[PDB]
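Below is one structure, written out as structure tokens; comments come after it.
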Amino acid sequence: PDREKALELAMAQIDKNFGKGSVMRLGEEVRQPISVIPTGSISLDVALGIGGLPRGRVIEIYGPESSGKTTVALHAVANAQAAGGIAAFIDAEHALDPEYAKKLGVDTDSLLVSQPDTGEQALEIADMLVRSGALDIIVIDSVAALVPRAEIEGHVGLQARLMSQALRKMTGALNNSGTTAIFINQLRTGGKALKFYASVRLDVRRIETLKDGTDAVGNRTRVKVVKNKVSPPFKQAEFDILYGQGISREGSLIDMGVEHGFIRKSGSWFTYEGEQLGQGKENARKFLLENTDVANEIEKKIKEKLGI
Ligand SMILES: Nc1ncnc2c1ncn2[C@H]1C[C@H](O)[C@@H](COP(=O)(O)OP(=O)(O)OP(=O)(O)O)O1
């Protein structure tokens, strides 16, 4: 009996008994499902190992206030609509700002918003909305907002039960309807289930503010995919979020362009194929915000260096 020859046997046996990736080898680069929703963050896309948030799965995005979570989600919503999709936003926080949303790429006019009254209602109308197999993506702002019917009237019970049940009924559905479900989870609750239901769990934290000059613009966010059942987990990804513009695609190409030698630094003087872009990230960002085919080439070049 041979070791490696006997590991892959059982290993492939466990998958056939529980799932596609119930046992992964962190090293694996394996990729054969595609159908992903770009998050608008290149580093994060590769970080997920499949280019984007899978489709037909529940996804958790947790983190503290002002971390970027909602932005990633809104970003997901855009790329989703852009390629002819329908997005439903079950709001229970009442924090959404259409101005900022549209400025990210979302089609607000055609965005379905619902402001459930009870937490049970939200999960009902959210499931109901999914079962119609028409939605591409659906985001539920605030797991913590989904408060049980009571407590809004006369320790005494549980909410994590409300979540459980809802997920159990809903998991099946969105799975064979190809509708991705983003659950915003702002905190540092009843998610004692979503942790096992989710096939992908994102951990967003605001690494540090972006100097820029006098005052600041946006922040630098770090996302650690602690759970990923489609690809190998524990991957990380950083990216900039300008305040008022959202995630910076441009800023992605650099942080990413240098980690792969496509762009070079001649002493805080970024350059590509001979010609230079500027002196200092913020400056080389602008350079790319003007010439787009130059970026379209670098962007094109990195999607070729890795899974596509
Ligand atoms: N209304 C807005 N106007 C301008 N900039 C905004 C606005 N809302 C958010 N931003 C920018 C700056 C914020 O630091 C950044 C992150 O936004 P947000 O999507 O609010 O992150 P988040 O999901 O961690 O926060 P929250 O837990 O409140 O949902 O987006």
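The dipole here belongs to the range 1-120: it is taken about the Cα centre, uses +1 on the Cβ of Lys and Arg and -1 on the Cβ of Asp and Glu, and is about 560 debye. Here the contact order of the range 251-298, divided by its residue count and restricted to Cα pairs under 8 Å and six or more residues apart, works out to 27 percent.
Magnitude of the charge dipole for the range 248-307, about its Cα centre and with charges confined to Cβ atoms of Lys, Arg (+1) and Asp, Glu (-1), is about 160 debye.
Protection proxy ranking for 123-135, 266-278, 36-48, using the average of other Cβ atoms within 10 Å per residue and placing the highest first: 36-48, 123-135, 266-278. A protection proxy built from the mean count of other Cβ atoms within 10 Å ranks the segments 281-287, 93-99, 70-76, most packed first, as 70-76, 281-287, 93-99.
Once every DSSP H run of n ≥ 4 in the chain is given -39500 (n - 2.57) and the sum is divided by its residues, what mean residue ellipticity at 222 nm do you get, rounded to the nearest 500 deg cm²/dmol?
Helices in the chain give a 222 nm mean residue ellipticity of -10500 deg cm²/dmol.
Only Cα pairs under 8 Å and at least 6 apart count here; give the relative contact order of the range 48-130 as a rounded whole percent.
Computed over the range 48-130, the figure is 26 percent.
The range 99-140 and the range 44-87 have Cα centres separated by 14 Å. Each residue of the range 165-172 was assigned a 3J(HN,Hα) from its phi angle through the Karplus curve 6.51 cos²θ - 1.76 cosθ + 1.60 (θ = phi - 60°); the sequence is 2, 3, 4, 3, 5, 6, 3, x Hz, with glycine and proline shown as x. Rg and Dmax, both from the Cα atoms of the range 163-236 and both in Å, are 16.2, 52.
Over the range 149-276, the reciprocal of the mean inverse Cα-Cα separation, the Kirkwood hydrodynamic radius, stands at 18.5 Å. Taking a ≥ b ≥ c as the square roots of the eigenvalues of the Cα gyration tensor of the range 24-247, is the shape rounded (a/c under 1.5), prolate (a/b larger than b/c) or oblate? Judged from the Cα gyration tensor, the range 24-247 comes out rounded (a/c under 1.5). Working note: Cα atoms of the range 248-307, range along each principal axis, descending, whole Å: 31, 21, 20.
Which of the three applies to the range 223-265, rounded, prolate or oblate, going by the alpha-carbon gyration tensor with a ≥ b ≥ c and a/c under 1.5 meaning rounded? Mind showing how you got there, number by number?
Details: a/c = 3.27, a/b = 1.34, b/c = 2.44.
Verdict is oblate for the range 223-265.
A dipole drawn for the chain from +1 and -1 charges on Cβ atoms has a positive end, and of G278, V226, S114 the residue lying farthest that way is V226. With an a/c value of 1.5 or above and a/b larger than b/c for the gyration tensor axes a ≥ b ≥ c computed over the alpha-carbon atoms, the range 12-109 is described as prolate.
Ideal geometry is used to build each Cβ from the backbone, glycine not excepted, and the neighbour counts take in all protein chains shown. Each reported figure results from applying straightforward, stated rules to the coordinates on display, with no laboratory input.
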